Amino acid sequence: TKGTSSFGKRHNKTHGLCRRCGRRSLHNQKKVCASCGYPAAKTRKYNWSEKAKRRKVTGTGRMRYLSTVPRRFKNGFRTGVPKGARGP
Amino acid sequence: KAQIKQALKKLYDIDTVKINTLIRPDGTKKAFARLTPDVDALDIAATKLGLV
Amino acid sequence: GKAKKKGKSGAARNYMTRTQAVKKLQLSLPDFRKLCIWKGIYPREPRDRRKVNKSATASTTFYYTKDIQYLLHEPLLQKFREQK
Amino acid sequence: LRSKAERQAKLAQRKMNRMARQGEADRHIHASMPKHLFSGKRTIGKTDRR
Amino acid sequence: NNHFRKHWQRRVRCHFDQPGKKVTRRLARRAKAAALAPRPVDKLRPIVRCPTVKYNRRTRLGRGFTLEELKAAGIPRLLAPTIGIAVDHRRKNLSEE
Amino acid sequence: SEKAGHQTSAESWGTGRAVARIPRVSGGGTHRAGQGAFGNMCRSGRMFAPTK
Amino acid sequence: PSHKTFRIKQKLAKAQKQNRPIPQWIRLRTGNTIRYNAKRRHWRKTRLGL
Amino acid sequence: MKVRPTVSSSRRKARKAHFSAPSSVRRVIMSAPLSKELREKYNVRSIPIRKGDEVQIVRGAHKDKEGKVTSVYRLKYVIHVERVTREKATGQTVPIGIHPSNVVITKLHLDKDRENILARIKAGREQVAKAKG
Amino acid sequence: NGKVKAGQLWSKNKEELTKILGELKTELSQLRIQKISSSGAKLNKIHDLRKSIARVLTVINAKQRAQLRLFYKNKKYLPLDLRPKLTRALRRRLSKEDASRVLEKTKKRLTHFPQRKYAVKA
RNA sequence: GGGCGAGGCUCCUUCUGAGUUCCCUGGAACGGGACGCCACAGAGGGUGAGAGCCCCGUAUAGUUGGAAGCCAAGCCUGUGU
RNA sequence: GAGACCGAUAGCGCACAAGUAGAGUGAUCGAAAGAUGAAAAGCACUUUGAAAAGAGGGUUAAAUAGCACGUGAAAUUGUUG
RNA sequence: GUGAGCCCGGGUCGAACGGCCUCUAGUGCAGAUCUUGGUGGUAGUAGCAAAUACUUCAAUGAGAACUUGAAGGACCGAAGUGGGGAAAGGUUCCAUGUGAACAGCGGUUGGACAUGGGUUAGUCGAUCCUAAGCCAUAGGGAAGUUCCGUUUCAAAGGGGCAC
RNA sequence: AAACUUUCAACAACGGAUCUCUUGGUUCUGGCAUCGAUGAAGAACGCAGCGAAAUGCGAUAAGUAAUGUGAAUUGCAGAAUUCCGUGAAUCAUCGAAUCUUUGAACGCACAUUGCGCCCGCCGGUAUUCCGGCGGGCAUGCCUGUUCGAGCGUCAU
Ligand SMILES: [Zn+2]
């Protein structure tokens with residue numbers, strides 16, 4: 001009875017949602033995320049899984065601040081207002 | 001509840017005797033505010049809110 | 001909701017003794033009395049002094065907590081420390 | 001325009017209706033060649049099924 | 001003789017950038033010449049004789065002139081590198097030629 | 001690309017009675033699972049003698 | 001369960017708001033390729049994974 | 001033959017840029033030639049077309065028709081001309097999209113920005129002619 | 001109505017800007033109830049008041065920051081939001097004067113023997 | 001030792017040549033025939049079918065307006081604590 | 001910026017709302033899927049049907065292109081000879 | 001044409017393609033229990049046979065064994081086929097409407113599909129306490145990711161009085 | 001003789017091969033140096049008149065300011081634009097801003113929208129009660145300030 005009848009007793013949870021990465025990988029007894037390694041400071045990644053690295057590498061998300069950096073570099077990180085522009 | 005009653009008072013001059021709040025399955029909060037017996041909720045809905 | 005605890009509100013927050021006032025302001029007693037005289041901080045009397053402090057006697061001096069917090073921002077405290 | 005929109009909505013369902021999906025939510029992919037049925041050999045000892 | 005028993009494919013170096021690197025070097029030389037004009041783009045080098053018995057028949061350019069050579073030619077060792085003369089303090093003069 | 005046809009985890013099901021011994025993509029819930037991999041005769045696999 | 005946390009109830013609220021078909025005005029747009037909701041969810045078919 | 005290294009003769013890049021150009025670029029792309037009278041009047045060969053211009057169709061099955069530009073539909077790169085329409089099955093009218101390169105502008109919709117455009121194009125043309133002459 | 005131009009806002013000072021912000025917020029709050037009670041052309045108006053509130057807040061913030069920069073024009077320490085952003089590495093980079101400081105022996109050598117301008121005859 | 005500095009370089013911005021002439025097929029000429037024109041531009045793309053001259057661009061010298069740096073022929077000066 | 005490369009079972013796993021849908025407690029695994037037409041002009045109206053639809057009649061240069069849509073092979077099937 | 005093949009005619013079709021000489025290769029298939037996809041005979045076949053059971057009238061509807069109302073007959077038989085919860089699910093709850101698909105027969109019905117609505121607390125829980133146990137700090141190991149350590153070889157803090 | 005089975009042909013099916021296409025890959029070459037406690041990469045939740053996704057954005061939420069262009073956006077609805085203009089746009093540029101809950105994540109925690117502390121401001125009869133808002137409170141280390149401990153060494 002290791003199959004169909006034993007599958008009926010599965011109503012607990014080993015993993016919950018992790019606050020850092022959003023996956024259901026936070027082990028509920030060890031309080032450690034199996035994916036990102038929370039609450040360790042460094043995000044968990046390994047070089048034997050290039051797929052796992054590419055699933056969470058920079059650019060797979062929003063680039064909320066980092067996408068505006070090349071334009072500011074191209075303009076030389078200038079500060080101020082265009083000459084004669086309306087304002088205060 | 002305190003924020004809701006303060007907002008109602010400073011919006012529409014509404015005095016409430018109690019407020020019950022729930023959070024709906026869509027994720028927004030719904031608030032039932034019972035008014036003082038001196039003021040008429042039907043009159044408030046007709047004039048201030050336009051709920052006819 | 002959550003049950004309040006005894007002695008965490010009321011006259012216990014409204015008043016403090018001279019000992020608690022000098023410990024709050026980190027002042028010596030002459031400097032505290034001098035600053036109270038200069039700023040007009042007056043002694044007070046609670047209705048029940050045991051509600052403020054269980055060791056209070058008839059000779060215990062009480063002040064307002066808001067008066068002590070107003071004294072906490074006086075520039076003369078810096079002058080006292082500079083002179084020391 | 002409402003008739004054309006409803007016709008477009010009904011014509012969008014023809015592939016899933018031929019696939020007999022119960023709505024657009026039925027996207028489940030069934031195992032057509034399971035490993036437990038298409039791998040291994042049956043020995044004289046313990047078996048994987050009766 | 002030739003063997004490939006290591007993982008040789010990870011470190012194969014091809015040279016399709018040879019004409020591009022020649023173009024880059026020539027552009028850098030033109031920029032350096034324009035910056036250094038009207039001075040020459042290179043420094044004056046002494047004539048030195050190659051070591052060992054195989055190459056002692058031939059002379060070539062060395063690193064820089066010795067302090068004895070600069071003093072005998074009348075050029076101070078602080079003025080010499082400022083007018084395009086290379087100076088080498090390690091080399092000595094073992095003969096007068 | 002030097003990774004073409006080799007970015008999969010697949011293993012042969014072994015000698016049996018039903019299917020050929022090509023390595024097959026593991027897992028479930030998708031069309032790719034159970035399909036062949038890594039062969040030049042396989043769809044979505046590495047070709048014979050990749051060009052360098 | 002009836003006993004649930006605020007985080008779980010918020011995720012269920014977002015799922016309930018996402019569970020809808022596409023508007024019919026989408027299919028009449030110029031160069032439209034969307035024909036149905038390809039990410040539609042049903043309670044009996046697939047799980048939220050919470 | 002192109003010489004400048006910033007110019008690309010790639011067909012894929014050209015088609016991607018053309019079909020993903022934004023609205024201000026599509027305005028320049030949707031240019032129309034001027035008539036002979038307007039050309040000898042303003043010394044300008046071409047100008048971007050805008051709503052309110054008066055055009056004559058010189059190519060297609062609607063050739064020699066004349067009308068006012070009622071819409072510049074930059075999304076499918078077409079213009080709508082008044083009375084150059086067809087009938088739907090129902091009997092209602094529906095406009096026929098014309099490419100601006102298949103029309104010629106006979107009367108310009110004039111305002112101070114249009115005069116600025118024409119003046120600077122004419123000034124550049126005469127400056128170029130004087131320099132190369 | 002309800003579409004306040006920024007050119008009008010750039011001349012006002014603080015109190016009437018706050019008054020305009022208050023009246024726009026009040027009319028927006030009323031017209032949301034009008035939206036939920038009936039359908040009409042008031043949706044364009046609620047969009048206009050949302051953008052007008054955004055413009056008024058932008059003008060107020062810009063004038064506040066300009067006044068604060070004028071106040072902190074001649075002071076050694078500025079607030080972190082008023083300090084130039086650049087990048088973290090650029091902020092931690094040495095200043096131009098500290099990068100151009102040389103030793104006094106080096107100063108003497110560069111004073112009395114700099115790089116000369118020379119040419120060689122052919 | 002200081003201070004000017006003509007001029008040059010780097011970067012964005014305005015502008016650039018010539019047929020929609022006639023005939024046939026065609027739903028549509030961007031095809032075929034004829035007569036031309038431009039070219040330091042006959043790269044590429046779009047336009048109802050293979051378009052140098054319909055449109056964007058393309059080639060070359062330049063030409064408008066602006067910002068910030070660098071190089072620099074020369075010129076004023078103090079002179080030795 | 002380019003190519004004596006590949007042309008949708010190829011080329012990156014992905015030319016498409018692709019590291020998506022989906023599977024697994026989990027680490028992880030991981031697809032399929034492009035093309036009406038120049039222009040929707042995506043069939044008015046009549047008629048038979050409960051409707052889907054059909055038949056007339058239309059649009060188109062073509063419906064032998066009808067949102068199952070360029071071309072439309074073979075296996076395999078129906079009718080007719 | 002010995003042959004691999006080449007060329008033409010008729011039909012379909014709609015935007016490119018070929019001959020010759022050199023150059024180049026991811027270049028020629030019946031097999032690999034080959035890969036992917038598609039399709040046959042079997043075959044209108046095996047089968048749709050546990051849980052005692054259905055019948056009459058009327059209404060609805062194009063269409064009713066499995067929709068509804070009434071009329072009968074039965075079953076669960078209080079360790080229930082009843083009334084409520086914990087885990088788990090997440091809107092499946094309720095009203096209205098419904099073409100296709102799904103409900104291995106039908107379907108007007110539906111946990112399906114479409115549009116909306118619904119969950120109101122000082123007193124019920126969580127929140128508080130500690131259990132088994134886990135994680136910080138002091139400090140000590142470890143190349144290091146980190147491990148031990150949880151009262152220690154820690155300056156680890158509370159109160160009152162004062163002319 | 002028909003039916004059935006098989007073969008041949010035409011048309012119609014089934015299926016998606018072939019041909020042509022390509023806003024896509026792959027490989028090479030050239031140029032550039034620019035993430036984060038002034039809060040990054042990543043995660044979650046929201047924002048459009050009518051959107052689930054993709055895209056864009058953050059309660060100023062398919063966006064604000066500024067500069068430039070100069071008449072659109074479009075699937076519908078509704079408004080435009082004094083067109084001789086502080087001016088459309090799902091426009092471009094982009095120097096000013098806004099930037100929810102998180103995350104190295106910083107009051108303590110977090111399987112809790114849990115529990116605190118310090119200082120101001122405002123409102124409700126309020127010296128005490130109640131509520132809201134704003135600014136703060138991690139660790140190691142460096143320089144300096146100030147308050148200190150020790151017969152550790154001295155002077156007196
Ligand atoms: Zn995690």
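Here is the naming used below: chain letters follow the sequence lines, and residue numbers restart at 1 for every chain.
Of all nucleotides present, only L/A95 satisfies the Watson-Crick or G-U wobble test against L/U115, with each distance under 3.5 Å. Pairing for M/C137 is with M/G116, a Watson-Crick or G-U wobble pair whose two hydrogen-bonding atom distances lie under 3.5 Å. Judged by Watson-Crick or G-U wobble contacts below 3.5 Å, the nucleotide M/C121 has M/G132 as its partner. Pair assignment for M/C11: K/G78, on the basis of Watson-Crick or G-U wobble contacts that are both within less than 3.5 Å. Using Watson-Crick or G-U wobble geometry with both donor-acceptor distances under 3.5 Å, K/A68 finds no partner in any strand shown. When both distances must be under 3.5 Å, the Watson-Crick or G-U wobble mate of L/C57 is L/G69. Using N1 to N3 plus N6-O4 or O6-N4 for Watson-Crick, or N1-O2 and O6-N3 for G-U wobble, each under 3.5 Å, L/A86 pairs with nothing. Across all strands shown, L/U42 forms no Watson-Crick or G-U wobble pair with both key distances under 3.5 Å.
Stacking is not found between G/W43 and the pyrimidine-like six-membered ring of the L/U92 base under the 5.5 Å centre-distance and 30° plane-angle cut-offs.
No hydrogens or angles were tested; on distance alone, nothing pairs the side chain of H/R12 with the base of J/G44 as donor and acceptor under 3.5 Å. If you check distances only, the side chain of I/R88 never reaches the base of M/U34 with a donor-acceptor pair under 3.5 Å. Looking at C/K2, its side chain has no donor and acceptor atom pair within 3.5 Å of the base of L/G122. A donor-acceptor contact under 3.5 Å is formed by the side chain of A/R55 with the base of K/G30. With hydrogens and angles ignored, no donor-acceptor pair under 3.5 angstrom links the side chain of B/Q3 to the base of M/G131. For a distance-only test at 3.5 Å, the side chain of H/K132 qualifies as a donor-acceptor partner of the base of J/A59.
For L/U115 and L/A79, the P atoms lie 47 Å apart once the distance is rounded to whole Å. Spacing between K/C43 and K/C12 at atom P, rounded to whole Å, works out to 44 Å. Comparing L/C23 with L/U35, their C1' atoms are spaced 35 Å from each other, to the whole Å. Taking atom P in both J/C24 and J/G46, the straight-line distance is 30 Å, to the nearest Å. The P atoms of K/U77 and K/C69 are separated by 23 Å, rounded to the nearest whole Å. For the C1' atom pair drawn from K/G57 and K/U71, the interatomic distance equals 30 Å after rounding to whole Å. Here the separation of K/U28 from L/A86, taken at their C1' atoms, is 33 Å to the nearest Å.
The interatomic distance linking A/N28 (CG) with L/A87 (P) rounds to 14 Å, in whole Å. Atom NZ in G/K17 sits about 16 Å away from atom P in L/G118, given to the nearest Å. Distance G/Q10 CD to M/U101 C1': 9 Å, rounded to the nearest Å. Rounded to whole Å, atom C1' of J/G57 lies 16 Å from atom NZ of H/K13. As rounded to whole Å, 15 Å separates atom P of K/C14 from atom NE2 of F/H31. Separating the CE atom of H/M30 from the P atom of M/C91 is a distance of 17 Å, rounded to the nearest angstrom. With rounding to whole Å, I/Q8 atom CD is found 10 Å from M/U86 atom P. The nearest whole Å value for the distance from the NZ atom in G/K39 to the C1' atom in M/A53 is 5 Å.
M/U6 takes the anti form, because its glycosidic angle lies more than 90° either side of 0. L/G40: glycosidic angle beyond 90° from 0, hence anti.
Nucleic acid contact class of F/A4 (heavy atoms, under 4.0 Å, all strands): sugar-phosphate only. Note on C/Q20: only backbone sugar-phosphate atoms sit closer than 4.0 angstrom, heavy atoms only; bases stay farther off. Residue H/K130 is classed as having no contact, given no heavy-atom separation below 4.0 Å to the nucleic acid. Contact annotation for F/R43: base contact, defined as any heavy-atom pair under 4.0 Å involving a base atom. Residue A/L66 is classed as a sugar-phosphate contact, given heavy-atom separations below 4.0 Å to backbone atoms only. When heavy atoms are screened at a 4.0 angstrom cut-off, D/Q8 is found touching base atoms of the nucleic acid. Within 4.0 Å of H/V28, counting heavy atoms only, lie sugar-phosphate atoms of the nucleic acid but no base atom.
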Legend entry - Worked verdict on D/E6 versus D/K10 for salt bridge (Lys or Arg N to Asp or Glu O under 4.0 Å): CA-CA 6 Å; D/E6 177 182 357; D/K10 287 191 174 182; 3.7 Å; yes
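Between the side chains of G/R40 and G/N19, at least one donor N or O lies within less than 3.5 Å of an accepting N or O. Side chains of H/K2 and H/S9: a donor-acceptor N/O pair is absent below 3.5 angstrom, by distance only. Side chains of G/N32 and G/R29: a donor-acceptor N/O pair is present below 3.5 angstrom, by distance only. A/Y38 and A/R19 share a side-chain donor-acceptor pair at under 3.5 Å.
Relative to the side chain of G/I34, the nucleotides M/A52, L/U120, M/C119 differ in distance, and M/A52 lies closest. Of the candidates L/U91, J/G46, K/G26, the closest approach to any side-chain atom of G/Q16 belongs to L/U91. Nearest nucleotide to the side chain of H/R45, out of M/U60, K/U28, J/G19: J/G19.
For the pair B/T21 and B/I19, the minimum side-chain heavy-atom distance is below 4.5 Å. Residues H/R27 and H/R50 form no side-chain contact, since every pair of their non-hydrogen atoms from C-beta on lies 4.5 Å or further apart.
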Legend entry - Under 4.0 Å protein heavy-atom contact, by nucleotide of nucleotides 64-83 of chain M - B base, S sugar-phosphate only: BSSS--BSSSBBS-B----B
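Note on ring orientation: taking the six-membered ring where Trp is involved, the planes of H/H99 and H/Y77 are tilted (angle from 30° to 60°).
Taken together, K/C45 and K/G56 qualify as a Watson-Crick or G-U wobble pair under the 3.5 Å criterion applied to both distances.
For the pair H/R114 (side chain) and H/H109 (backbone), a donor-acceptor distance under 3.5 Å is present.
Judged by ring centres closer than 5.5 Å and planes tilted by less than 30°, the bases of L/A59 and L/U60 are stacked on each other. Both conditions hold for K/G34 and K/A35, whose six-membered rings have centres under 5.5 angstrom apart and planes under 30 degrees, so their bases stack.
In L/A64, the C1'-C2'-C3'-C4' torsion is negative, which places the sugar in the south family.
With A/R20 as the fixed residue, the side chain to side chain contact (heavy atoms under 4.5 Å, CB included) test singles out one of A/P39, A/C36, A/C33, A/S35: A/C36.
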